[PDB]
Structures are given as structure tokens and as C-alpha cells.
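Okay, structure first, notes after.
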RNA sequence: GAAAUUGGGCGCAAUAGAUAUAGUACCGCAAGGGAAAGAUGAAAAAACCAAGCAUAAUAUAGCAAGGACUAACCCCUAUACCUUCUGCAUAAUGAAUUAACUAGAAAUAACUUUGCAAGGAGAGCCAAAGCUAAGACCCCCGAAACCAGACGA
Ligand SMILES: [Mg+2]
Ligand SMILES: [Mg+2]
Ligand SMILES: [Mg+2]
Ligand SMILES: [Mg+2]
Ligand SMILES: [Mg+2]
Ligand SMILES: [Mg+2]
Ligand SMILES: [Mg+2]
Ligand SMILES: [Mg+2]
Ligand SMILES: [Mg+2]
Ligand SMILES: [Mg+2]
Ligand SMILES: [Mg+2]
Ligand SMILES: [Mg+2]
Ligand SMILES: [Mg+2]
Ligand SMILES: [Mg+2]
Ligand SMILES: [Mg+2]
Ligand SMILES: [Mg+2]
């Protein structure tokens, strides 16, 4: 299990295909998610495909499909701070050890 | 030299002890147990100060009038003298009046 | 005692480290060392004014001595170096008096030259041509 | 005071200004706890500012150690063997930038 | 009793020997005073300390511009032993907003509105 | 602090044993004036301002501030992404290793506050799993508080506990000032 | 006064103050003037009119009497035909 | 709320992140140091540093302010005087217009206290509610109130709109049952009978002008005609309209509650009423 | 009981009571508790104004 | 100052905590008073730091330092501390020194911060914006005495 997420290069068309597998009209990015069955099937299929689930703090924040598409194309990356500092292109006079 | 030459033995503390992990449970037993009990019924201690806060003169007056009948004799005598001193102190001595 | 003081050795050692060179029991016992260390700090701050004062009177002694070597006195030297707009201070003139005595001799000749231009200037009163070193540089 | 403290004359290391100026600070040694509020502003100094500091003067080599310390320290070591150990315990990021720049500027 | 002191008006009526001694003009006098506190207001009464606070002369040896009007001059006649009064003379004109920062008041009493640091 | 009772008590200089007469006369000996050997200056004397008796630190906040403190704790645990809602606390097995491995798989936290609706109706599987653990805890919904929500890193509710909490905490808003205690019978409260 | 009694541990009032003074609910204490019924044969009728008046108290007298009474005496009182019921609320101040 | 959106990135709230509201906790001031204690706040060694200033009010030896002044009966019989919490008509219009007091039922004192629009306390000797003419204009409510005292203009302001106001009496015992009846039915006592007024209030509650509950019910239309002619409104007849059976019912004296009788024991648990059938008890409670 | 953006209500009251005083009244938003504290008695005016705003 | 009426340790840890290792030793004719203290290790069938001295006495001169200085002193400057006083270097008080112990306890009212708000409060109590909750102010030693009951010729 890793919390690291990469948005796909074809995330747009996949997501429109999941809206069509749930539903369909014009401006499919503006569909209201007020129906809870609609939201659970759509975000369940996106959570199942993309390996990356919308959290509980953000779950009521999407009320259109536009906000779902805005959530799923940020790269959430989880790596240790030893791997975040020492891979941040250190100058040759920073030497960073970790007793962990 | 009032200081110790060796470091003391280490103090292990189990934060997930039975007392520490379940601490504070049933403090809101009134506001979400349909008010059948008050949380002052949840405290354990002396019988004269379950669910009551006073200063020392009030704690000793209440101690005498609640449990003072079955106190030991020189505890009753020391407590009468403490009430008499604390009377003479709170009511006659002090800056603000 | 519920909470009594544990860290007390270090407060005693905060005061007593300044007493390590005193005489008597002032270097050892805390009761005596607090008074002599407080008192040493009060003298330490009041002696900054006396450092500035004693340096300046020491410089006036050195300028006085080295100007007595060239026949001048101190007030003629300082007043007549002021009157040339050569605004060297006492520290510099004492250091020239010690390390560079040709420069101090030339400052003594400049100051005594200006002193004699003041004497001949106030002697022949009325309109007369001014001294050569008696001219002032006007800034604007 | 001045009579209890030693004194010295104003000098430099190897005539530090005459031919060229040499940075007198060899090594900095940060020891910064991963989990601990004492070394919070140290951590935010390592995340933000120690890289730009490490590039603004390359004659200094910097050792961030990241061990479970209970008080964070920085250890400046100088060209003449002098070692000045100062604590960055509960100091903000700006105060550690002025402290580390102070250790860099002196000798 | 040491009280407050009044001063009669003949004290403040100048004579032509005084008009020749100090460079003043009775016809067309000056507009602005330069006032400078040169004597501490301690060991002085409280009314003099108050007037010195009202004139902005709390620091010594710092000039302050006032008006040459009888009310300001009444306060200056109270503390005339504590101050120094000179006319503010202006060789060049009073400064415009172009010459506002590049001024300097000289020790003679004049406000030079073009102040280089260069010799003539 | 409200349940706290401090049993620390020391002897004052009237309660300490003995010391009733002056040790030496008032003016004869060149020693200091003393009245007893049990004054607070003597080795063995009483304490001047020590702790006096068992002292109870009891105080109630208003119940609206407690209920709003529970509300506040629930929004904080939800917005920190630490709230998890189950449908029922039924595990497949009564083993603790399944529950700890499940909680490490979903990356909850080092400590889990499992909360069911009552104490009688908790399923036997979560009881045998959590009754062996130090950091995973079963509380009924009645025992929910604020100290043990902040103590545990995640908090795990079920849906009937959520309906119970909406019932109880949304009651404190839009209710009257009381006439008499709520344990007594009302028109609509129980 | 008694700041803490020996039976209840409460404050006690000074009953002289109750027996002489009138707490209005705004905070003002109303009293009767000293000597309003003594030696009236030698007093002028202007002075007799002055002595027969209900008189407010000072600030510090009002604080002194507030400290000497307990919270029972600082309380609203909705009497039937009280003669002072219109003097309890303080109308139209500007501090 | 953007503060929850700030709470996403911030760490978890634990028992190490808590911090009181800045301004709540003032620092404790305690006599150690150069400033908080050398003399420690008491001054110089007089009688107030030692701690023994005299009692409050002692002016040093002259006769104090609170004793130089003659005793007068301001508060002579203060705990036997009757108190009456006011009910303005702006207040009761506010309660009726917000559903807290139902105007289609008779307005007892139980109905005002359960609506929590008037809080009266039987200790501290409140004998009930008095009607108050505040807000007598803009009072549009047909109502049946039972209020222990009432001014003439409040009776006029209610009876203009088709209202009925009569003035009842309650003992402190009876009014203590009328305020909070539910802690009376958990006491196990039978319902007592409310007593008559004492001798001074008897001519109050037998007069038809101020609408006594003991008065002639033959003099009431004369008094309603008197208030109708005094304040200028055509007096409506309550006999016509359709709340009249509601507007007619009064509980008689020696009856505390509306539909209940004295001597009955309400059992709140199994929801019953125990009624005595002994003849001596009925000669006691129906007295 | 202000839920939302308290600074916009502070700006609207700052633009509402300034004709009723001449000067702009000094306020205090308490953005935590969601309150707003204006100096001076404006109770019946703000109750009428907030009833006009539809709350 | 009523009544009716109502209904295990945010303890101490050998000057601390019991006086207590013991009411023993000891003091007193008696009533009575009343102590101090111990620290190895699994097994004994196995360092460094208080005062005070010593290592190591002293060198003209002066509240014992401070400014300094190449340099300890020599030079220059400098009327110990607390308390009480109008004022103390005061030749007024106290203190040999070290360690340990040893002295600000709380009310209504006001203020600050929350909650709710014509209502507040987990009954009782207050309320003409209030009510509830919290925070925040009140020392130590000392007489000569008086009375009660014992113990003493
Ligand atoms: Mg004793
Ligand atoms: Mg002696
Ligand atoms: Mg003891
Ligand atoms: Mg006395
Ligand atoms: Mg007398
Ligand atoms: Mg009783
Ligand atoms: Mg012992
Ligand atoms: Mg002992
Ligand atoms: Mg030693
Ligand atoms: Mg000397
Ligand atoms: Mg002197
Ligand atoms: Mg004395
Ligand atoms: Mg001497
Ligand atoms: Mg002396
Ligand atoms: Mg002595
Ligand atoms: Mg014999």
C-alpha cells in the first residue's frame, strides 16, 4: 500500500466514460452530485480504478463533476523526509544522515 | 552538596494503561445518557466532598456536619480547633476588606 | 516537601563563577560572594564613564608633554588647531605625538604660525589683509 | 567583568584580508530531532533555508544529522580548530537564519 | 513668599542703542523665533517646567521655531531665563516643496534652503 | 480536573504532636524568642501553608459547553481525516491480530476508538479482539467524551451511534431553559 | 462583618444597615437624615423641611453598604403598592 | 468554513496541542522577586501590614456612617409583603405569537410557566403574576387568562379583543404546586385544595371591577360595560363566538389544576389517577 | 450568530452605521466565535436592518 | 441565627511523612516533656562536587574590587548588605559560614475570556442584557497574661 498518486494522462476521458457508465448530456462536467447513489457509484468507480479515494474531509466538497475532476488531477505523493530532502538536488556540501 | 551524583532510575510510563486509556469515559453520561445520572455521581472520594467545592473553612464545616459524628476524638478536636482558627483568620485578619 | 528545589547548585554556581579570583571567603561562600559580585558589577558599569574620562585626560597629558617639547602649551595648540579647521581629535594627536613626531612638529608649527597670525591680526586692528593660514574654507 | 574574564588582542587568522578573503567557517553540524517541538524551527530551517545557505557559500560543509535529540544544537567548527557549539532549541526559522549567518560571518 | 513674578512693559521696549547693538529693525520685525532651552528646568518652579513642556523645549540645545506673536511671546517672557531667543532669518526664501528636504538651519540663525556639502 | 480530589494533607502547627510550652524564657537566655518547638521554623514543626485535607476540584461547565465540546471534537476528528463510520462492529474473527493488521492496512493510526451504541449489544467478536489490546478501545456511545477522543488518533463510529449523537447533541441546540432536572418526566423528552 | 459563617460558610449582612437604609436596584442607597425628630422646637422650618427628606448616599457609602449586605438585598422586588417602585430603574443617564 | 480547510494540512489535535483562549487565564501574582514581594503588597509595618485592620465600617473611633443615621422602616416587613412578577401584554403577545403559550386553551399559571415566558419563584414570596398595561395597544389576541393581579387598563386591553381575565388567588403552597406541578406528582401527596385569600385580599377578590374569582357572576357585565365606556370600545359579547365554551370555563376555588380535583393522587409511572371513596376524605377535600 | 465571512458583515455595517454616526464606528470581529462587536447602542437599528436583509 | 417546606492518591520519601527505629534513651520528685539515626552487592560461604583544612604562610596602601595592564601588587576610581528612618559608611538593628527546612490562604462586587441570550442555570437563584462557567486579591515567628483540670510539703 502506498499513498503516492499520479494522475493519468487520460484521466479526463476515463472520467467522462465513468459518467457515461453511470448515465450523458452536454456539459457533463457540470452535473450535480446531490443524489447520493450517483455520488457513491461515481466515486466508488473512481476509487476502484485510480487506487485513490476521496477523503472524508473533502467528500462533501465536490457537488459537481468539475470538482471531482479537480480533485483527481493533483499528484498526492507520500515519501519519507529522508527521501524528500536527499532527492531535492542537494549541493555537494550538504550531507544529511538519518538515525531512523 | 544537596544534589545527586548518579542519574535516577528511568521512569517508565504506560500511556495505554487501563486507567489512562479509558480515562474520562462516562463524563458525558448526563448529556447523552438521557440525564439519568449526573457526573458528580461519577466521582469517588470522601463523602463530604463528592460533587462539592469549597475553600478550607467550608470543607471543614461540611466535614464536621456530615461525618463529624463518627470521626475519631482527637481528629474531631483538631478539626474543631481548625474551624476556630480559620474562623478567626478569615473573618478578622487579611488585607482586603 | 511536595516540590522542593533541585536545581539550586547551578544558581550558586551562576553567582560564584564571577568570584573565582577574589580574596578571603569571597571566592568561596555564597553569602559573601553575592555582595562582592553585585558590587563588582556596579563598579564594572560605572567604570565605563571613568574609562572614557581617564583616556581623555591621559591624552591631554600626552599632548601637553609633547607640545611642551616644541615650546607650545596645550591650549595654544588645541585652540589654534581648531582655528585652522584641522579638526583632529585628542586620540589622534596623542598617537601622532608618540608614533609620528615629525607630523606633530608640523602641526605644532602650523598651530604656532596660526597663533602668531592671531597676535599680529588682533594687534593691527581695523582693516588689514588676513593671514594666509588664517583663511577659512566656507562650505555651502 | 573584565578582570575575571581573559582578554586578547584584535587579530585575524592568517592575515585574513590582505591577499584574499577566506571564509573561516569549515563545518556546521545540525542535529535535529524528527519528532519533537524543540527542533521544529530547525526542521523548517532544513526544509527551507539550509540549501540556499549551503549554496550561498560553498566553502562550508554542512552535516545535518537528524537523530532523536532532545535539545537541537548547531556546531560551528572553524579553520583554526575552534569549535563553538550553540543551541537552536525552540528558535524560529528567521532566528536560526540570523544565528547561522552570525556563525558564518565571524571567525 | 516666592511667588510668580510679573515684569513691567518698559523692560520690553527697546532703545536705539539696543537697535544698533543687536541687528534688529523696529519697523518690519521678524516673523519666526528660534528658541533653545539652555538652562535645566530642575530647581525651577512647576509653572516654568510646564511652559517648557508647552513650547517643546524638553531637550536642551535643540532649536524650536515659534511665532513672534504676543501670546507665544507671553509664554517666552515667563521662561526667558531658561531659553535663548534668536530671529529666524531667511536669506533665500522660505522653502518650497521642491527644496523641502535639502535644507539645513545654520548656527547663525539662518535656514539655508539649498544645502550642498561642498566648499565655495 | 473535575473528578480530581487531592488527598494531600500535612499537619499545621496546632495538629503536630506536642510542643505546648515555651522552650526557654522570653528574656533570660540569649537565644531567640520562641513559643513552641512545633512552630514552622523548627525541624519537626508544623507546615505553614501546606495542603489541607482532601480537596475536591469540582466544577460543572454548562451542559451546552460540554455538548458543544463534543460537537467541536467531532468536526475536528472529521476534518483531520480521522473519523471513520462503520455500519456494524462485526469482525469475522475474535483475534486481535486481524484488527491490528486491518488498522495498519487502512493506515488509521496507532490507536483506535471503536464506539458502539450500547454495552449489552456489542458483538462478541470485537469484544474478544479489543479486550486484549492496549491501544484499541471499545466504548459505548454513552461514554463518548473529549479526553479520549483526543487521546486516540482515529475514532471509529457506526451509523446508529451517529444517529444517537445527532439525537443527543442536536437536542441541546433548540431546547428551553429547564424548569426542573431532565431526569424528571417531561412532555417529549424521553 | 462575617465573611464566612460557622454554620453555612456564607456572608452575613449587617442588620443595622438593613434597619436604616434602602437599596434601590440601580445601586443607590436611600437614607433618612440624622436628627430628623430631635430638638424640633429650636429648628427653623426650612431646616425641618430639610431633615424630613429621603437622601441618597455617596459612591463610597454605597460601596460600603453593598459590601455589608448579601445578594438577597440586591434583588428585584415586585411589590404591590411599593412607594419606591418607580425609583428602581435609572432613567435617561448619559453616564 | 475555510477553517476546516485549514485543518486538513495542520497536524492532528491531541492533548499536546491544546491552549486556552488568550485572555482567559490571567497569570498568578505571587510574592517572589524584586517587585511582587519585598513588603509583598501590604505596605509599611503599621496595622495593615500585620493584618489586623478593624471590621468593615469602623471609622477609627468616631461613630460610623451606618450607625449615626436613624432607623426607619424601609425594609420592616419585607418578607411578608407580597410580590407579583409582571407580565406585560407585549410579552404575552410575544408568547402567543410564537407558539409558546396556546391561546385556544385557558391561560393558567401552569401554561405561562411551561411556556417559560414568566418565571416565578414561590420561595422569595412571589404570589404569582400581575398583569401589566405595557403594550396594551398592538395587542391582538383573543385569550382566557388567569392572573393574580390586574390593572384596569390591562383588563380593558384584553376584554377589548374578546378576552376573559379573572384574578385568582394562590397560597405559597398552592402556587408552588402550580409553578412546577411535575415535581409535585413525584412527591406522592394527594392534591391539596388552594386556600382562600387572607382578610386584606378578600375585598380584592370579591369585587367585579378587578374581576375576582370569588365575586358575583351577576355583576361582571356591569363592570365590562364600565371598562367599555371608560376606554371607548364597543363591548363584544363572548356568548356569540365559538371559543365561548373555552372562554367560559373557570376552575372553582379550592381547585388548583384545571381538570383535576383535590384529594386525587396522580401516579405518573403507570399513568393513572387514584381517587378516594372514603366519605370523610370527601368531606375534607370537597370542603 | 454569524456563520460565514464576518469581514463582509463588518464592511456592510461599517458602510451602514457611518451615516447614522458620521464617523465610522469602531468594531471588533471575533472570527473564531463568529461575532462582531460594534461600539455604541445600535440594537433596534441592526435588528431592523438584518430583518431587511432577510435573515 | 432558625424552622415550616424541599429532597485508591497531579500524598511524603529519612530536617519530609506519625513524636516514633520509640513514647525508648534522656530530662523532671511528680504531673509531664521528649529525641537523634539507616543506605555495598545477585552473592561478603566474594572518583568529580558545600563550608573547613591540606597540597601551597606572608611583602608598603587601606569594604578588598573595578578600569586596566606586557605584568599578581604598585596607577586611578570606589563611604559593606538588610531593616528602621527626615537622613545610616554610620560607632543604630541583625548576621561565623555551609547544607537542608522556613513566610499571601478567600468572598460578594467589578474586569478578561467562552457558552446561551429576554433569557441564563443539571430545580432552589438571578434577569429593564442578562445569566452561567473559568481565570485572577488578601503572610510568618515572638509576650507578660487569663481560665479549667491534674502534679508537687
Ligand atoms: Mg498545641
Ligand atoms: Mg549572642
Ligand atoms: Mg512533621
Ligand atoms: Mg485588633
Ligand atoms: Mg470617643
Ligand atoms: Mg428542614
Ligand atoms: Mg522523622
Ligand atoms: Mg522526630
Ligand atoms: Mg571544598
Ligand atoms: Mg585606592
Ligand atoms: Mg552619607
Ligand atoms: Mg526597630
Ligand atoms: Mg568600624
Ligand atoms: Mg553596624
Ligand atoms: Mg552581633
Ligand atoms: Mg517534711
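Out of F:74, F:113, which single residue is within 30 Å of residue F:182 (Cβ to Cβ), surrounded by 15 or more Cβ atoms within 10 Å (Cβ to Cβ), more than 16 Å from ligand 3 (Cβ to nearest atom) and within 10 Å of another protein chain (Cβ to nearest Cβ)?
When all the criteria are applied, what remains is F:113.
Looking at F:142, F:162 in this structure, which one is more than 9 Å from chain B (Cβ to nearest Cβ) and either outside any loop (DSSP other than H, G, I, E, B) or over 27 Å from the mean Cα position of the chain (by Cα) (or both)?
Unique residue meeting the criteria: F:162.
From the residues in the stretch B:23-55 that are surrounded by 17 or more Cβ atoms within 10 Å (Cβ to Cβ) and farther than 30 Å from residue F:139 by Cα, which one is nearest to the other protein chains (Cβ to nearest Cβ)?
That would be B:54.
Hey, among F:183, F:148, which residue is over 30 Å from residue H:18 (Cα atoms), surrounded by 13 or more Cβ atoms within 10 Å (Cβ to Cβ) and at the interface with chain B (Cβ under 9 Å from one of its Cβ atoms)? Steps first, answer last, please.
On the way: F:148 fails: over 30 Å from residue H:18 (Cα atoms).
That would be F:183, the only listed residue that is over 30 Å from residue H:18 (Cα atoms), surrounded by 13 or more Cβ atoms within 10 Å (Cβ to Cβ) and at the interface with chain B (Cβ under 9 Å from one of its Cβ atoms).
As an exercise: evaluate residue F:103 against (1) in contact with a strand residue (DSSP E or B) (Cβ under 6 Å, 6 or more places away or on another chain); (2) within 14 Å of chain B (Cβ to nearest Cβ) and give the number of the one condition it does not meet.
(2)
Does residue F:22 fit the bill of being exposed (fewer than 10 other Cβ atoms within 10 Å of the Cβ) and part of a loop (DSSP other than H, G, I, E, B)?
In short, no.
Tell me the residue from B:59, B:64 that is surrounded by 15 or more Cβ atoms within 10 Å (Cβ to Cβ), part of a helix (DSSP H, G or I), in contact with a helix residue (DSSP H, G or I) (Cβ under 7 Å, 6 or more places away or on another chain) and at the interface with another protein chain (Cβ under 7 Å from one of its Cβ atoms), please. Please lay out each step first, then the result.
Numbers: B:64 fails: at the interface with another protein chain (Cβ under 7 Å from one of its Cβ atoms).
Result: B:59 is the single residue among B:59, B:64 that is surrounded by 15 or more Cβ atoms within 10 Å (Cβ to Cβ), part of a helix (DSSP H, G or I), in contact with a helix residue (DSSP H, G or I) (Cβ under 7 Å, 6 or more places away or on another chain) and at the interface with another protein chain (Cβ under 7 Å from one of its Cβ atoms).
Whether any residue in the stretch D:38-45 is more than 30 Å from residue C:36 (Cα to Cα) and assigned to a loop (DSSP other than H, G, I, E, B) is what I want to check.
No: zero hits.
Here is a list: H:8, H:35. Which entry is more than 16 Å from ligand 1 (Cβ to nearest atom) and over 27 Å from residue F:148 (Cα atoms)?
The conditions single out H:35.
Tell me, which helices (runs of 4 or more DSSP H) wholly within the stretch G:1-77 include 3 or more residues that are closer than 24 Å to residue H:54 by Cα and more than 10 Å from every other protein chain (Cβ to nearest Cβ)? Explain how you work it out, then say what you get.
Details: elements: G:15-20, G:45-51, G:59-67.
Passing ranges, in order: G:59-67.
Checking residue F:28 against (1) near RNA strand J (Cβ under 7 Å from one of its atoms); (2) more than 13 Å from chain B (Cβ to nearest Cβ); (3) loosely packed, with under 11 Cβ neighbours inside 10 Å, which test does it fail?
Answer for residue F:28: the failing condition is (1).
Of all residues in the stretch F:7-19 being under 40 Å from the mean Cα position of the chain (by Cα) and surrounded by 13 or more Cβ atoms within 10 Å (Cβ to Cβ), which is farthest from ligand 1 (Cβ to nearest atom)?
Top of the filtered list is F:9.
Can you pull out the residues in the stretch B:1-19 that are within 9 Å of another protein chain (Cβ to nearest Cβ) and surrounded by fewer than 14 Cβ atoms within 10 Å (Cβ to Cβ)?
Selection gives B:1, B:2, B:3, B:4, B:14, B:15, B:17, B:18.
Inside the stretch F:50-71, can you point out the residues that are in a loop (DSSP other than H, G, I, E, B) and either facing another protein chain (nearest Cβ under 8 Å) or within 16 Å of ligand 3 (Cβ to nearest atom) (or both)?
Passing the criteria: F:50, F:51, F:52, F:53, F:54, F:57, F:58, F:59, F:60.
Is there a residue in the stretch F:38-49 that is within 14 Å of another protein chain (Cβ to nearest Cβ) and away from ligand 1 (no atom under 16 Å from the Cβ)?
Yes: the stretch F:38-49 contains one or more residues that are within 14 Å of another protein chain (Cβ to nearest Cβ) and away from ligand 1 (no atom under 16 Å from the Cβ).
A quick yes/no check of all residues on (1) within 16 Å of ligand 3 (Cβ to nearest atom); (2) in contact with a helix residue (DSSP H, G or I) (Cβ under 8 Å, 6 or more places away or on another chain); (3) more than 30 Å from residue I:33 (Cβ to Cβ):
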{"site": "H:1", "(1), (2), (3)": "no, no, no"}
{"site": "H:46", "(1), (2), (3)": "no, no, yes"}
{"site": "H:50", "(1), (2), (3)": "no, no, yes"}
{"site": "H:54", "(1), (2), (3)": "no, no, yes"}
{"site": "H:60", "(1), (2), (3)": "no, no, yes"}
{"site": "H:72", "(1), (2), (3)": "no, yes, yes"}
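Pull up the stretch H:186-204, narrow it to residues that are buried (at least 18 other Cβ atoms within 10 Å of the Cβ) and within 25 Å of residue H:115 (Cβ to Cβ), then point me to the one that is farthest from the other protein chains (Cβ to nearest Cβ).
The selected residue is H:194.
Read through the list (1) in a strand (DSSP E or B); (2) at positive phi, then give the number of the only condition that residue D:30 fails.
Only one criterion is unmet by residue D:30, namely (2).
Return the total of residues in the stretch D:1-27 being more than 11 Å from every other protein chain (Cβ to nearest Cβ) and either within 16 Å of ligand 3 (Cβ to nearest atom) or within 30 Å of residue A:100 (Cβ to Cβ) (or both).
Looking only at that region, the number is 1.
Determine if the stretch A:64-82 includes at least one residue that is over 20 Å from residue H:9 (Cβ atoms) and either within 14 Å of chain D (Cβ to nearest Cβ) or surrounded by fewer than 13 Cβ atoms within 10 Å (Cβ to Cβ) (or both).
Residues of the stretch A:64-82 over 20 Å from residue H:9 (Cβ atoms): A:64-66, A:68-69, A:82.
Going one step further and asking which of them are either within 14 Å of chain D (Cβ to nearest Cβ) or surrounded by fewer than 13 Cβ atoms within 10 Å (Cβ to Cβ) (or both), we end up with A:82.
There is at least one residue in the stretch A:64-82 that is over 20 Å from residue H:9 (Cβ atoms) and either within 14 Å of chain D (Cβ to nearest Cβ) or surrounded by fewer than 13 Cβ atoms within 10 Å (Cβ to Cβ) (or both).
Would you be able to tell me the number of residues in the stretch G:55-87 that are over 22 Å from residue G:14 (Cα atoms) and over 12 Å from the mean Cα position of the chain (by Cα)?
Result for the stretch G:55-87: 9.
Could you list all residues from the stretch D:28-63 that are within 13 Å of chain A (Cβ to nearest Cβ), in contact with a helix residue (DSSP H, G or I) (Cβ under 6 Å, 6 or more places away or on another chain) and within 16 Å of residue A:81 (Cβ to Cβ)?
D:32, D:33, D:44, D:45, D:49
With respect to residue D:69, is the statement that it is assigned to a loop (DSSP other than H, G, I, E, B) and surrounded by 16 or more Cβ atoms within 10 Å (Cβ to Cβ) true? First the steps, then the outcome.
Values: assigned to a loop (DSSP other than H, G, I, E, B): yes; surrounded by 16 or more Cβ atoms within 10 Å (Cβ to Cβ): yes.
Judged against the criteria, residue D:69 is a match.
Any residue at all in the stretch C:40-61 that is more than 16 Å from RNA strand J (Cβ to nearest atom) and either more than 23 Å from residue C:117 (Cβ to Cβ) or part of a helix (DSSP H, G or I) (or both)? Write out each step before concluding.
Here is the first cut: in the stretch C:40-61, the residues more than 16 Å from RNA strand J (Cβ to nearest atom) are none.
Among the residues of the stretch C:40-61, not one is more than 16 Å from RNA strand J (Cβ to nearest atom) and either more than 23 Å from residue C:117 (Cβ to Cβ) or part of a helix (DSSP H, G or I) (or both), which makes the answer no.
Residue by residue, here is whether (1) under 15 Å from residue G:19 (Cα atoms); (2) in a loop (DSSP other than H, G, I, E, B); (3) more than 14 Å from chain G (Cβ to nearest Cβ); (4) in contact with a strand residue (DSSP E or B) (Cβ under 6 Å, 6 or more places away or on another chain) holds:
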residue: H:37; (1), (2), (3), (4): no, yes, yes, no
residue: H:41; (1), (2), (3), (4): no, yes, yes, no
residue: H:48; (1), (2), (3), (4): no, yes, yes, no
residue: H:53; (1), (2), (3), (4): no, yes, no, no
residue: H:65; (1), (2), (3), (4): yes, yes, no, no
residue: H:68; (1), (2), (3), (4): yes, yes, no, no
residue: H:75; (1), (2), (3), (4): yes, yes, no, no
residue: H:81; (1), (2), (3), (4): no, yes, no, yes
residue: H:86; (1), (2), (3), (4): no, no, no, yes
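Note: ideal-geometry Cβ built from the backbone for every residue, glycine included; neighbour counts use all protein chains shown. Each reported figure results from applying straightforward, stated rules to the coordinates on display, with no laboratory input.
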